[PDB]
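Undergrad: Starting off with a structure, shown below.
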Amino acid sequence: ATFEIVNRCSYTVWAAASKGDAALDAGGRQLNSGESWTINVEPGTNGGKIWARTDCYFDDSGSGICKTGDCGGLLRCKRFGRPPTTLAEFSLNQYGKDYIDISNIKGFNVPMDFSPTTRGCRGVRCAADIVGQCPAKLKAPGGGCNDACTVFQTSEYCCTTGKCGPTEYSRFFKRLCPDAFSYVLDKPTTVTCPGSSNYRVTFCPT
């Protein structure tokens, strides 16, 4: 499947793409404002994620640090990034269908649209100003708005027992971005697309 990753933000982002135990495609790249990066994701990929990283410094070996979404200090991510990270999540060719969602379960750093470029399903978006409106206790100094599990590490926020409810913090994210997951047991906002669809992830869509 083809994903075009577009940075419409006014600032540089370092896109990342991983399935948690390996990079997808090159795994990461710098995107200046307006740039587009096209990646190929193997059919059958289960549990892939794309996200943006902000305020990164990398050396010539591709080693460094980012203030949001850092993936063990690498330009080319092999593992998932450190919160806060708005996530585009996908599983492809699962019994004939692709499944896509946006999640705020690991917080929010950059607004995002995640849409098919082929026919037969809808896109999803979280483009509200979550950072600006972030509750004081969830604000990340490096930038972004952490989820409550990351911050407080309780069974209730992290849904460790598999039983948890919405919280004051999850409802913040859900009010601003209803079409994104706000906590682990949120009513799913997954979109079902035809198997082998192609997609575009746009940072700062509005």
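Ligands are numbered from 1 in the order shown, chains are lettered A, B, ... in the order of the structure tokens, and residues start at 1 in each chain.
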Could you pull the residues within 7 Å of stretch 62-71 of chain A, counting only C-alpha atoms, minus those fewer than 6 positions along the same chain, as a list in words?
TA: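 Near neighbours after the sequence-gap exclusion: residues 52, 53, 54, 55, 56, 77, 79, 80, 81, 82, 83, 84, 85, 109, 142 and 143 of chain A.
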Undergrad: Residues as selected, C-alpha atoms, written as a compact mmCIF listing (two decimals), in the first residue's frame, can you do that?
TA:
```txt
# COMPACT_ATOMS: atom_id res chain seq x y z
CA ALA A 52 5.23 13.31 13.64
CA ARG A 53 8.19 14.28 15.80
CA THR A 54 8.98 17.89 16.69
CA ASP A 55 12.11 19.80 17.56
CA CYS A 56 14.63 17.14 16.52
CA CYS A 77 12.53 4.68 13.64
CA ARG A 79 10.22 1.26 17.45
CA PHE A 80 7.32 3.45 18.56
CA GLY A 81 7.87 6.96 19.76
CA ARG A 82 7.80 8.56 23.19
CA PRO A 83 4.51 10.35 24.02
CA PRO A 84 3.01 12.77 23.41
CA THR A 85 2.25 11.61 19.85
CA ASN A 109 1.53 16.69 19.53
CA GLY A 142 8.90 19.83 25.41
CA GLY A 143 5.59 20.54 23.71
```
Undergrad: Quick one: everything within 10 Å of residue A:167, counting only C-alpha atoms, minus sequence neighbours fewer than 5 positions away in the same chain. Send it as an MDAnalysis selection string.
TA: chainID A and resid 148 156:157 172 182:183
Undergrad: Any chance you could export the current selection's N, CA and C atoms as a short mmCIF file (atom, residue, chain, number, x, y, z; two decimals), in the first residue's frame?
TA:
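Output saved as result.cif:
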```cif
data_model
loop_
_atom_site.label_atom_id
_atom_site.label_comp_id
_atom_site.auth_asym_id
_atom_site.auth_seq_id
_atom_site.Cartn_x
_atom_site.Cartn_y
_atom_site.Cartn_z
N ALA A 148 -3.23 10.86 30.20
CA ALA A 148 -3.18 10.71 31.65
C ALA A 148 -2.46 9.44 32.07
N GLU A 156 -6.48 2.88 36.32
CA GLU A 156 -7.67 3.45 35.71
C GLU A 156 -7.30 4.16 34.41
N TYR A 157 -6.26 4.99 34.42
CA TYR A 157 -5.96 5.69 33.18
C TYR A 157 -5.36 4.77 32.11
N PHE A 172 -11.52 15.31 27.87
CA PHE A 172 -10.92 16.50 27.30
C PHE A 172 -10.58 16.19 25.84
N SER A 182 -9.79 8.16 22.71
CA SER A 182 -9.41 9.00 23.85
C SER A 182 -8.91 8.20 25.04
N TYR A 183 -9.24 6.92 25.11
CA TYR A 183 -8.75 6.00 26.14
C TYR A 183 -8.89 4.60 25.58
#
```
Undergrad: Kindly give the distance, in Å, that separates atom CA of residue A:46 and atom CA of residue A:91, rounded to a single decimal.
TA: 4.3 Å
Undergrad: With distances taken over only C-alpha atoms, which of A:29, A:86, A:102, A:41 is nearest to residue A:188?
TA: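 Result for the nearest residue to residue A:188: A:102.
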Undergrad: Please identify which residues in stretch 9-147 of chain A DSSP calls strand (DSSP E) from the backbone, and express them as an MDAnalysis selection string.
TA: chainID A and resid 13:18 23:31 36:40 48:58 64:68 87:94 97:103 112:116 124:126
Undergrad: Using C-alpha atoms, can you write the selected residues to a file as a PDB file, in the first residue's frame?
TA:
```pdb
ATOM      1  CA  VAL A  13       8.438  17.751  11.385  1.00  0.00           C
ATOM      2  CA  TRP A  14      10.251  14.461  11.318  1.00  0.00           C
ATOM      3  CA  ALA A  15       7.768  11.858  10.212  1.00  0.00           C
ATOM      4  CA  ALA A  16       8.063   8.323  11.564  1.00  0.00           C
ATOM      5  CA  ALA A  17       6.575   5.018  10.474  1.00  0.00           C
ATOM      6  CA  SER A  18       6.935   1.765  12.430  1.00  0.00           C
ATOM      7  CA  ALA A  23      10.599   0.324  10.521  1.00  0.00           C
ATOM      8  CA  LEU A  24       8.045   0.746   7.780  1.00  0.00           C
ATOM      9  CA  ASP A  25       9.906   1.769   4.633  1.00  0.00           C
ATOM     10  CA  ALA A  26      12.815   3.958   5.705  1.00  0.00           C
ATOM     11  CA  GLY A  27      11.184   4.508   9.116  1.00  0.00           C
ATOM     12  CA  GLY A  28      11.578   8.297   9.269  1.00  0.00           C
ATOM     13  CA  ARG A  29      12.456  11.417   7.362  1.00  0.00           C
ATOM     14  CA  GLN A  30      12.600  15.173   7.762  1.00  0.00           C
ATOM     15  CA  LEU A  31       9.644  17.004   6.174  1.00  0.00           C
ATOM     16  CA  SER A  36       5.556  15.124   0.875  1.00  0.00           C
ATOM     17  CA  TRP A  37       7.098  11.711   1.503  1.00  0.00           C
ATOM     18  CA  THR A  38       5.680   8.604  -0.164  1.00  0.00           C
ATOM     19  CA  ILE A  39       6.218   5.270   1.550  1.00  0.00           C
ATOM     20  CA  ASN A  40       5.325   1.702   0.632  1.00  0.00           C
ATOM     21  CA  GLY A  48       1.460   0.044  11.909  1.00  0.00           C
ATOM     22  CA  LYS A  49       1.658   3.635  13.133  1.00  0.00           C
ATOM     23  CA  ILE A  50       2.678   6.945  11.592  1.00  0.00           C
ATOM     24  CA  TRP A  51       3.398  10.013  13.690  1.00  0.00           C
ATOM     25  CA  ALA A  52       5.229  13.313  13.639  1.00  0.00           C
ATOM     26  CA  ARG A  53       8.188  14.277  15.797  1.00  0.00           C
ATOM     27  CA  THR A  54       8.984  17.886  16.685  1.00  0.00           C
ATOM     28  CA  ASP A  55      12.115  19.804  17.558  1.00  0.00           C
ATOM     29  CA  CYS A  56      14.630  17.142  16.522  1.00  0.00           C
ATOM     30  CA  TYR A  57      18.412  17.315  16.220  1.00  0.00           C
ATOM     31  CA  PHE A  58      20.204  14.580  14.318  1.00  0.00           C
ATOM     32  CA  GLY A  64      19.932  12.469  18.008  1.00  0.00           C
ATOM     33  CA  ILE A  65      16.897  13.547  19.973  1.00  0.00           C
ATOM     34  CA  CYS A  66      13.403  14.962  19.465  1.00  0.00           C
ATOM     35  CA  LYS A  67      11.159  16.737  21.987  1.00  0.00           C
ATOM     36  CA  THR A  68       8.041  14.750  20.988  1.00  0.00           C
ATOM     37  CA  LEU A  87      -1.080   8.520  16.081  1.00  0.00           C
ATOM     38  CA  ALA A  88      -2.311   7.358  12.707  1.00  0.00           C
ATOM     39  CA  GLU A  89      -2.870   3.621  13.173  1.00  0.00           C
ATOM     40  CA  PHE A  90      -3.557   0.939  10.621  1.00  0.00           C
ATOM     41  CA  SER A  91      -3.856  -2.738   9.975  1.00  0.00           C
ATOM     42  CA  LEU A  92      -3.930  -3.752   6.323  1.00  0.00           C
ATOM     43  CA  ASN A  93      -5.462  -6.736   4.514  1.00  0.00           C
ATOM     44  CA  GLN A  94      -7.073  -8.275   7.578  1.00  0.00           C
ATOM     45  CA  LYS A  97     -10.382  -5.235   4.920  1.00  0.00           C
ATOM     46  CA  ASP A  98      -8.119  -2.415   6.039  1.00  0.00           C
ATOM     47  CA  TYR A  99      -8.681  -0.723   9.407  1.00  0.00           C
ATOM     48  CA  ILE A 100      -7.598   2.860  10.120  1.00  0.00           C
ATOM     49  CA  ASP A 101      -7.962   5.194  13.075  1.00  0.00           C
ATOM     50  CA  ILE A 102      -6.461   8.200  14.793  1.00  0.00           C
ATOM     51  CA  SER A 103      -5.633   7.832  18.453  1.00  0.00           C
ATOM     52  CA  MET A 112      -3.544  15.206  11.691  1.00  0.00           C
ATOM     53  CA  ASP A 113      -5.843  14.046   8.917  1.00  0.00           C
ATOM     54  CA  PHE A 114      -5.736  10.401   7.860  1.00  0.00           C
ATOM     55  CA  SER A 115      -7.675   9.773   4.663  1.00  0.00           C
ATOM     56  CA  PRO A 116      -7.825   7.170   1.881  1.00  0.00           C
ATOM     57  CA  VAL A 124     -10.665  10.752  10.062  1.00  0.00           C
ATOM     58  CA  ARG A 125      -9.186  13.937  11.518  1.00  0.00           C
ATOM     59  CA  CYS A 126      -8.045  15.440  14.795  1.00  0.00           C
TER      60      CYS A 126
END
```
Undergrad: I want to know what sits within 8 Å of residue A:7, based on only C-alpha atoms, with residues of the same chain fewer than 2 positions away left out; could you give that as a PyMOL selection string?
TA: chain A and resi 5+9+12-13+31-36+202-204
Undergrad: Using Å and a single decimal, report how far atom CA of residue A:132 sits from atom CA of residue A:176.
TA: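 Answer for the atom CA of residue A:176 to atom CA of residue A:132 separation: 11.3 Å.
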Undergrad: May I ask for the distance between atom CA of residue A:123 and atom CA of residue A:162, given in Å to one decimal place?
TA: 28.4 Å
Undergrad: Which one of A:47, A:72, A:111, A:120 sits closest to residue A:197 if you count only C-alpha atoms?
TA: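 When distances to residue A:197 are compared using only C-alpha atoms, the smallest one comes from A:120.
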Undergrad: Please run DSSP on the backbone and report, as a list in words, all residues within chain A that come out as alpha helix (DSSP H).
TA: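 Filtering chain A to alpha helix (DSSP H) leaves residues 130, 131, 132, 133, 148, 149, 150, 151, 152, 155, 156, 157, 158, 168, 169, 170, 171, 172, 173, 174, 175 and 176 of chain A.
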Undergrad: For the selection just defined, write its residues with N, CA and C atoms to a file, as a compact mmCIF listing (two decimals), in the first residue's frame.
TA:
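Output file selection_29.txt is given in full below:
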```txt
# COMPACT_ATOMS: atom_id res chain seq x y z
N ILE A 130 -5.48 21.10 20.63
CA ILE A 130 -5.37 20.38 21.89
C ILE A 130 -4.20 20.90 22.70
N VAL A 131 -3.07 21.29 22.10
CA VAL A 131 -1.96 21.76 22.87
C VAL A 131 -2.32 23.06 23.59
N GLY A 132 -2.97 23.95 22.85
CA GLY A 132 -3.32 25.25 23.43
C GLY A 132 -4.27 25.09 24.62
N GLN A 133 -5.16 24.11 24.53
CA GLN A 133 -6.24 23.96 25.51
C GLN A 133 -5.90 22.92 26.61
N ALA A 148 -3.23 10.86 30.20
CA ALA A 148 -3.18 10.71 31.65
C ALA A 148 -2.46 9.44 32.07
N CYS A 149 -2.46 8.36 31.27
CA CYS A 149 -1.74 7.15 31.61
C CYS A 149 -0.24 7.43 31.69
N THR A 150 0.29 8.10 30.66
CA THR A 150 1.68 8.50 30.64
C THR A 150 2.04 9.31 31.88
N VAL A 151 1.19 10.27 32.26
CA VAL A 151 1.50 11.16 33.37
C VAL A 151 1.36 10.47 34.74
N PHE A 152 0.25 9.79 34.98
CA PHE A 152 -0.07 9.35 36.34
C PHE A 152 0.17 7.88 36.58
N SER A 155 -3.93 2.30 37.18
CA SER A 155 -4.69 1.25 36.55
C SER A 155 -5.87 1.82 35.78
N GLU A 156 -6.48 2.88 36.32
CA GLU A 156 -7.67 3.45 35.71
C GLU A 156 -7.30 4.16 34.41
N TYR A 157 -6.26 4.99 34.42
CA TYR A 157 -5.96 5.69 33.18
C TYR A 157 -5.36 4.77 32.11
N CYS A 158 -4.57 3.78 32.54
CA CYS A 158 -3.89 2.90 31.61
C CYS A 158 -4.72 1.67 31.25
N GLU A 168 -11.90 12.49 33.48
CA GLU A 168 -11.92 13.90 33.16
C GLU A 168 -10.90 14.18 32.06
N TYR A 169 -9.77 13.48 32.11
CA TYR A 169 -8.74 13.72 31.11
C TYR A 169 -9.11 13.12 29.78
N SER A 170 -9.64 11.90 29.71
CA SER A 170 -10.00 11.32 28.44
C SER A 170 -11.09 12.17 27.79
N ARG A 171 -12.01 12.73 28.58
CA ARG A 171 -13.13 13.48 28.03
C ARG A 171 -12.65 14.79 27.44
N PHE A 172 -11.52 15.31 27.87
CA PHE A 172 -10.92 16.50 27.30
C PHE A 172 -10.58 16.19 25.84
N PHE A 173 -9.81 15.11 25.64
CA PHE A 173 -9.41 14.77 24.30
C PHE A 173 -10.63 14.48 23.45
N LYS A 174 -11.64 13.82 23.96
CA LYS A 174 -12.80 13.39 23.21
C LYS A 174 -13.67 14.57 22.83
N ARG A 175 -13.74 15.60 23.67
CA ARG A 175 -14.52 16.79 23.37
C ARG A 175 -13.91 17.50 22.18
N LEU A 176 -12.58 17.57 22.12
CA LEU A 176 -11.92 18.33 21.07
C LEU A 176 -11.80 17.50 19.80
```
